[PDB]
Amino acid sequence: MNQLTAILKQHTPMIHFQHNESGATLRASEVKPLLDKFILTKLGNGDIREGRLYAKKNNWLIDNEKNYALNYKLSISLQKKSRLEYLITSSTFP
RNA sequence: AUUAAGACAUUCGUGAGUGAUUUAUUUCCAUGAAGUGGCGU
């Protein structure tokens with residue numbers, strides 16, 4: 001298969017700077033680089049360089065010389081648009 | 001006065017007719033709006 005369509009659960013609230021949109025959800029700008037780093041670390045059995053050579057051999061890298069990025073497309077969309085919005089501070093107030 | 005004399009290689013005639021500088025090509029690739037709390041044991 002060429003597509004992975006995962007449904008994920010929220011356990012603790014996310015602090016979001018672009019909250020003014022009702023479609024605000026997980027930003028793949030954080031997920032994709034960290035997921036690439038994690039995937040390559042697992043590929044090399046704990047070593048990032050070995051995983052990079054692994055992805056280099058299997059042609060999974062966008063670039064084989066410069067960066068850590070893997071070739072796939074990440075999309076995160078809200079199914080139901082209802083949001084529970086929290087105020088987060090350091091002290092307790094009435 | 002002599003196998004001599006006389007006679008513009010000249011007249012007319014469009015370098016013209018037909019014809020896309022067009023076809024193909026992602027302004028894209030990488031990238032965390034994030035980090036930290038401090039003060040009177």
# chains A, B, ... in the order shown; residues from 1 in each chain; ligands from 1

$ select_by_dssp --residues "chain A" --states "alpha helix (DSSP H)" --output "PyMOL selection string"
chain A and resi 28-43+48-57

$ interface_residues --of "chain B" --to "chain A" --cutoff "9 Å" --atoms "only C-alpha atoms (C1' of nucleotides)" --output "list in words"
residues 29, 30, 31, 32 and 33 of chain B

$ atom_distance --atom1 "CA of residue 58 (chain A)" --atom2 "CA of residue 43 (chain A)"
11.3 Å

$ residues_around --residues "residue 51 (chain A)" --least-positions-apart "4" --cutoff "12 Å" --atoms "only C-alpha atoms (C1' of nucleotides)" --output "PyMOL selection string"
chain A and resi 36-47+55-58+60-61+68-70

$ residues_around --residues "residue 3 (chain A)" --least-positions-apart "2" --cutoff "10 Å" --atoms "only C-alpha atoms (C1' of nucleotides)" --output "number ranges by chain"
A: 1, 5-6, 72-73

$ write_last_selection --atoms "C-alpha atoms" --output "CSV table (one decimal), in the first residue's frame"
chain,number,residue,atom,x,y,z
A,1,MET,CA,0.0,0.0,0.0
A,5,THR,CA,-4.2,6.8,7.4
A,6,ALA,CA,-3.7,6.7,11.2
A,72,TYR,CA,7.1,10.7,2.2
A,73,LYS,CA,4.2,13.1,2.6
